Amino acid sequence: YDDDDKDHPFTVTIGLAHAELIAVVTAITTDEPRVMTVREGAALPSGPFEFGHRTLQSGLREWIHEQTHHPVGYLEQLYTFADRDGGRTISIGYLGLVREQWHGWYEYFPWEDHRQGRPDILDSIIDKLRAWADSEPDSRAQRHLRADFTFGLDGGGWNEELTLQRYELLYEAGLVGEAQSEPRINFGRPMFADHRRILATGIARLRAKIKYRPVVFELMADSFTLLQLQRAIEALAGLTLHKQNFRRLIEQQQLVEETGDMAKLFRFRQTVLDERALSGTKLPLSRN
Amino acid sequence: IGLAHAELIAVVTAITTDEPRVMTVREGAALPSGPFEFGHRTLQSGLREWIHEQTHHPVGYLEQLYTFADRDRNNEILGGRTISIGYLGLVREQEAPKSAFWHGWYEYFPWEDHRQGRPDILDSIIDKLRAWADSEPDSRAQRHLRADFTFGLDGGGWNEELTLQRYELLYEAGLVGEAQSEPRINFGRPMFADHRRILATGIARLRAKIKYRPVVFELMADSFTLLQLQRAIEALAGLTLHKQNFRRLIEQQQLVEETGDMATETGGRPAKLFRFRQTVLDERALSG
Ligand SMILES: Nc1ncnc2c1ncn2[C@@H]1O[C@H](COP(=O)(O)OP(=O)(O)OP(=O)(O)O)[C@@H](O)[C@H]1O
Ligand SMILES: [K+]
Ligand SMILES: [K+]
Ligand SMILES: [K+]
Ligand code: NA
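Next comes the structure, spelled out in structure tokens:
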């Protein structure tokens, strides 16, 4: 009334949404990949992005400290998600590698650990996925291709880097508690909000990192054997690696060097440590 | 508390006349961008609506880059913080006399193109970068380490993947127009708001992807020669390829197959036409 026009040059309407910083801090203990959690393993360390926070990273470092009091080293940004409660909440995830001084990855993602063959839980997951892919005929062919590429429903090799794609398919198929399907079906331990979605991106990032350049000095002690180096990468990838081919990748990437002490002990080169100190949190990558 | 305004920013890249070009608005002054709104189902779907409304140019797959936050002062006037979310997309450039203009990557980042040798502008950049590094002795040593690692002075040479880290250093040093330094110093064509920071992220992403697995079928025509593919990667990297190592890489990765047809080059010699084999197209499709 009294001319309240639609758009107005002297009026700017700004949309706001909740900004949540979420932390995926990973450590390797007893050849088991383990993630920092709060609320008795139901949530990741998280907190809102506030005015007093100088940066996103420094803001998350305060929440990690207040909620865990566990020191963290370098951080790298993962993925940014809109809520699926696309409305009110924007979540920003970060990955960190530390030495444990905690819950396991495969408590939340038991189907991702193939170190001792395929997990038998995958038979039930595939059975539910085939029923969902066959539920609507016009989308049957595409859903079978997605389920084959991710889980290998009608065959197809297992790709460990597709942790996120596998969790997104289970969510769309209503096979995880976070989807909240009418008959609730769930595999693995669920988490608060979409924290398992965040964790999936951290597992995918680490696995993609260790396949072409395993810069994991923060996960190891200062000295280690090459077989200890293989055991922890095998724990991260959820696969058993070939000895000969793993030795070639490490020497090819000039990552480690002999310390002279005794199997031979190795340490990551100082150049690898110095480059990481200057690379920041927005690393040049190929996927994320 | 914990609110933020999200701007979705698009880096849509095409390769025309062996030159990498980015889609822009306002006659090359800004990238296509728009706020994230409540009705936007996802961050990617929200940006697609801004791309269409502002350019009306078709866009294929989109890949999230990184999220940046503001360092402003009176964000409390806005009700929350301000963040920027970038996305990278590869398309074929299309003329249509909508309003949108295609500009080359290196109009904004001239120091990133080393195809014709190291550019001369880097001599003026390194000079002003040293003067900034020597201005404050307590931080001189650390600033020289950042200047050596980012701008090729390291000894390891020029790293084309560090496009964002180079630009961020130039911003902190007050060597770009977006810094608004007390004496204005700028290299390359500036952009609106922080969009040149977003473009540097997309350039770094593409260069890291093509180094490991150049899945660039969206940038190429349906069929192409191997020389056309090499010129495309070279334009993206700002470097000249090792021909034999590049041919060996795309064969090991099983990326392109012969179409059976022939093409006559400019000089007059015929050459086999290639296409990205279907398995490469299907893998990129089975995601998001
Ligand atoms: N708008 C901007 N455009 C370009 N560079 C910027 C901008 N704002 C800050 N920078 C620079 O970017 C660098 C990184 O700061 P930023 O606020 O992005 O987060 P950060 O946690 O310090 O990053 P990192 O530790 O990953 O380098 C700093 O050198 C800063 O001066
Ligand atoms: K919040
Ligand atoms: K950051
Ligand atoms: K502020
Ligand atoms: Na740069």
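Those sequence lines, one after another, are chains B and A.
Residues 26 to 110, 117 to 132, 142 to 302, 311 to 336 in PDB author numbering are what the first sequence spells out, letter by letter.
Residues 39 to 135, 138 to 328 in PDB author numbering are what the second sequence spells out, letter by letter.
All residues carry an ideal CB built from backbone N, CA and C; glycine is no exception.
query, result
"Nearest residue (CA-CA) to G228(B), options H33(B), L46(B), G197(B), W151(B)", "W151(B)"
"Short-range partners of chain A found in the segment 32 to 44 of chain B, where Cβ spacing is below 9 Å", "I39, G40, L41, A42, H43, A44"
"CB contact check: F316(B) to chain A, cutoff 7 Å", "no"
"First and last residue of the uninterrupted alpha helix (DSSP H) at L126(A)", "Counting along the chain, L126(A) falls outside any alpha helix (DSSP H), though it belongs to the beta strand (DSSP E) covering 119 to 128."
"CB-CB length for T241(B) against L128(B), believed under 8 Å", "Not quite, the Cβ-Cβ distance comes to about 15 Å (not below 8 Å), so this is no contact."
"beta-carbon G40(A) near ligand 6 non-hydrogen atom, thresh 6 Å", "In terms of ligand content, the structure shown lacks ligand 6 and carries ligand 1, ligand 2, ligand 3, ligand 4 and ligand 5 instead."
"Min CB distance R86(B) to chain A below 7 Å", "no"
"Amino acids of chain B, ordered along the chain, whose beta-carbon sits closer than 7 Å to that of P73(A)", "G40"
"Near-chain B residues of the segment 114 to 132 of chain A (beta-carbon distance less than 8 Å), N- to C-terminal order", "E114, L116, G117, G118, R119, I121, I123"
"Beta strand (DSSP E) runs wholly inside the segment 194 to 275 of chain A, at least 3 long, in chain order", "none"
"Within chain B, the residues that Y252(A) reaches when beta carbons sit closer than 9 Å", "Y252, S334"
"Helix, strand or coil at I115(A) according to DSSP, with G and I counted as helix", "helix"
"Coil, strand or helix - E75(B) by DSSP", "coil"
"Beta-bridge partners of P310(A), as assigned by DSSP", "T304(A)"
"Rounded straight-line distance, which links the Cα of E101(B) to that of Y211(A)", "21 Å"
"Within-7 Å CB hit, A173(B) to chain A", "no"
"Residues bridged to residue 137(A) [DSSP beta-bridge criterion]", "No coordinates are present for residue 137(A), because the numbering of chain A runs from 135 directly to 138."
"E212(A) CB to nearest heavy atom of ligand 2 below 6 Å", "no"
"Short CB-CB distance (under 7 Å) between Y207(A) and chain B", "no"
"First through last residue of the alpha helix (DSSP H) which encompasses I165(A)", "161 to 173"
"DSSP bridge partner residues for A67(A) (one or two, in chain order)", "DSSP lists no partner for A67(A)."
"Heavy atom of ligand 1 within 6 Å of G328(B) beta-carbon", "yes"
"DSSP three-state assignment for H90(B), whether helix, strand or coil", "helix"
"Residue-chain proximity (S327(A), chain B), Cβ-Cβ < 7 Å", "yes"
"Separation of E200(A) from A248(A), as counted between CA atoms", "9 Å"
"Contacting residues, own chain, Cβ-Cβ under 6 Å from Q270(A) (five flanking each side not counted)", "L281, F286"
"Contact set for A42(B): own chain, Cβ-Cβ below 7 Å, skip 5 residues either direction", "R119, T120, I121"
"Amino acids of chain A, ordered along the chain, whose beta-carbon sits closer than 7 Å to that of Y104(B)", "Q102"
"C-beta contact flag for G72(A) and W88(A) at 7 Å", "yes"
"Partners in chain A for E258(B), counting only beta-carbon separations shorter than 8 Å", "Within chain A, no residue comes near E258(B); the closest Cβ sits about 19 Å away, beyond 8 Å."
"Residues that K249(A) contacts on chain B, provided the C-beta gap is smaller than 9 Å", "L333, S334, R335"
"Expected contact under 8 Å - CB spacing of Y99(A) and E291(A) to nearest Å", "Wrong, their Cβ atoms sit about 24 Å apart, outside the cutoff."
"Helix, strand or coil at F149(B) [DSSP, three-state]", "coil"
"Separation of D160(A) from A277(B), as counted between CA atoms", "45 Å"
"Where residue 112(B) falls, given that 16 or more other Cβ within 10 Å makes a residue buried", "One cannot assign coordinates to residue 112(B), given that chain B in this structure leaps from 110 to 117."
"Chain A contact for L81(B) (CB, 7 Å cutoff)", "yes"
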